[PDB]
Amino acid sequence: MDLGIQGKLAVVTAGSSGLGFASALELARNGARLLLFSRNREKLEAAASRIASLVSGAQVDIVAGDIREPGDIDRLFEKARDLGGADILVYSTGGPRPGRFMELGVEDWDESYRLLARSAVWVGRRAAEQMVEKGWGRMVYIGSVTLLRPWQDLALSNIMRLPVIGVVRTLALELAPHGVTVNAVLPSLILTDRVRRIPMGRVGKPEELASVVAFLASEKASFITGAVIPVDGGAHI
Ligand code: NA
Ligand code: NA
């Protein structure tokens, strides 16, 4: 009911569209201030505008940058510090390129590392620094169901996305006694992964995923940490 996150600052990566955007909007509907990160300044400014149009009085700031670059993440978190410090993090990225294991080159592996693994680590680090200063925080990582089952066509995801989940479990353990929780959600595969049975018989809507992210980010979810929660209509089963 009352998520108790009014006035808190949520940092959301890939926040101009997709699950990042949907997450940002739901948080703003619950009274969160926003800081959005994605590659393109113009599309970011535009996302901020939509949010303000759907949610009267929403405060949204933006930082344009590349998730693949630690220096851009640093710049994001400097702006967060100036806004009072990151209270909530929603980590979202695009998926790596499709391809079977034996057809990928060294460059493909290094690139998936910069996109997926290093980003989860460095965003986590900078978010953790600020949340531990306050003694309260919520991180929600958006992962892939390829954590649970590999797909032959999604080798980069099966492999180089796994560190995302190690970060969730490691930071959950590290930060647990300092009032910060660190959790992950696993949406429908085609929402997180580039491909080129679902018991419920449909792919998820962004809003359905965003509601769970909101709840995990809430005052109410204070005893949940290190959880990796499928939000996929039962497809993980
Ligand atoms: Na806080
Ligand atoms: Na991305």
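A brief report on the enclosed structure follows. The numbering shown runs from 1 along each chain in the order of its written sequence and may not match that of the entry; residues for which no coordinates exist are omitted. Labels follow written order: the first chain is A, the first ligand is 1, and so on. Computation of side-chain values covers all heavy atoms of the structure but excludes hydrogens and water. Residues with missing side-chain atoms are left out of burial classes, side-chain pairs and their counts.

## Thoughts on helix α3 (residues 70-82)
We count it as follows: A run of DSSP states H or I qualifies as a helix once it reaches four residues; a run of E qualifies as a strand once it reaches two. Both are numbered from the N-terminal end. The span expected for a helix works out to 1.5 Å for each residue beyond the first. Throughout this description, buried means an accessible area under 20% of the type-specific maximum (1.4 Å probe, protein chains only), exposed means over 50%, and partly exposed covers the range between. Working definition: the arc comes from the directions between the helix axis and the C-beta atoms, pointing outward to the latter. Residues count as neighbours in contact if any of their non-hydrogen atoms are within 4.5 Å of one another.
With 13 residues, α3 extends 19 Å between its outermost C-alpha atoms, agreeing within 8% with the 18 Å of an ideal straight helix rising 1.5 Å per residue. Listed in full, the buried residues belonging to α3 are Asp72, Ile73, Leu76, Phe77 and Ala80. In a view along the axis of α3, the buried residues occupy a sector of 135 degrees, so they form one face of it. Those residues of α3 that are exposed and aimed more than 90 degrees away from the buried face are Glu78 and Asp82. On the buried face of α3, the contacting elements are β1 (9-13), β2 (33-38), β3 (60-64), β4 (88-91) and α4 (106-134). One or two steps after α3, the chain reaches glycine 84, where phi turns positive at roughly 110 degrees.

## Regarding the coordination of the sodium ion (ligand 1)
The condition that has to hold: Donor atoms (N, O, S) are those found within 2.8 Å of the metal centre, with the cutoff raised to 3.2 Å for Na, K and Ca; water is not part of the atom list, so apparent gaps in a site can occur.
Ligation of the sodium ion (ligand 1) by protein atoms is provided by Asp87 (OD) and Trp136 (O), these donors lying 2.7 to 2.8 Å from the ion. Pair noted here: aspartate 87 is in the loop between α3 and β4 and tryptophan 136 is in the loop between α4 and β5 (137-142), with a separation of 49 residues, a long-range link. Given the relative accessible area of 15%, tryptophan 136 is considered buried.

## Section: unusual backbone geometry
Although it is not a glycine, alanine 14 sits at a positive phi angle of roughly 45 degrees. By secondary structure assignment, the location of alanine 14 is in the loop between β1 and α1 (18-29). A relative accessible area of 26% places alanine 14 in the partly exposed class.

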